[PDB]
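Below you will find one chain, with nothing else, as structure tokens; this is the form deposited without its partner chain, and questions on how it binds or moves follow later.
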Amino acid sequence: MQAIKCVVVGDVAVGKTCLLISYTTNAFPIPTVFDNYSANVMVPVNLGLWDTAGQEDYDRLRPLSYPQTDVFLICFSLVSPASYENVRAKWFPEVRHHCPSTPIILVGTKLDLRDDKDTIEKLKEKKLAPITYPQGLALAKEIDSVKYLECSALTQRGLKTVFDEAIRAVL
């Protein structure tokens, strides 16, 4: 019955499309066309999932999707400190400029990779380490997110929670 709009933003390759597709179809992919999806879920809610292009080239046009958004998911890769930094450097500021009062959920992605051997190896070779939970929770508090939630589109762990809370942030 109730219609809720949800826009997903964040650095390219943090897993925004896989996130939305894995949730809407319960399967893990990748479509190149930036699209919007939908889902009927009980929290009666018709959730509209709007994907975005995080590249800089679309900095000016991206925000055209923002108007009338009910809730935002600002995502960052749990195995990418760079995407973590850009949350406060770019995404939180951008969302707030266009939509000052709209609720925000901070989403950590690729949780399945935080414990991955070869992955930790890679980050280590660059003097970097995966974003621990406390760290993610800290950032959420900084930007005053309604909630901080970690998920994995590959295993779908915590996935259902992310969108349930994104909905409860509206109802």
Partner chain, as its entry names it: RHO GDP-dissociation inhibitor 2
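Positions refer to the first chain, counted from 1.
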From residue 67 to residue 68, how many deposited residues does the entry skip: none, 1 to 3, 4 to 9, or 10 or more? none
Would you class the number of unmodelled deposited residues between residue 53 and residue 54 as none, 1 to 3, 4 to 9, or 10 or more? none
Quick one: higher average CA temperature factor, 125-133 or 106-114? 125-133
For residue 93, the third of its chain into which the C-alpha B factor falls: lowest
Considering every modelled residue of the chain and its Cα B-factor in the PDB entry, is residue 31 in the lowest, middle or highest third? middle
Residue 80: which third of its chain by C-alpha temperature factor? middle
Taking the entry's C-alpha B-factors for this chain, is residue 61 in the lowest, middle or highest third? lowest
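The discussion below concerns the form solved in complex with its partner chain, not included here.
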With the cut-off set at 4.5 Å between non-hydrogen atoms, does residue 33 touch its partner chain in the bound PDB entry? yes
Can you tell me if residue 63 lies within 4.5 angstroms of its partner chain in the bound PDB entry, counting non-hydrogen atoms only? yes
Check residue 57 for me: does it contact its partner chain in the bound PDB entry (non-hydrogen atoms, 4.5 angstroms)? yes
Hey, in the bound PDB entry, is residue 53 touching its partner chain, heavy atoms inside 4.5 Å? yes
Tell me which stretch of 64-72, 133-141, 104-112, 117-125 has a heavy atom within 4.5 angstroms of its partner chain in the bound PDB entry. 64-72
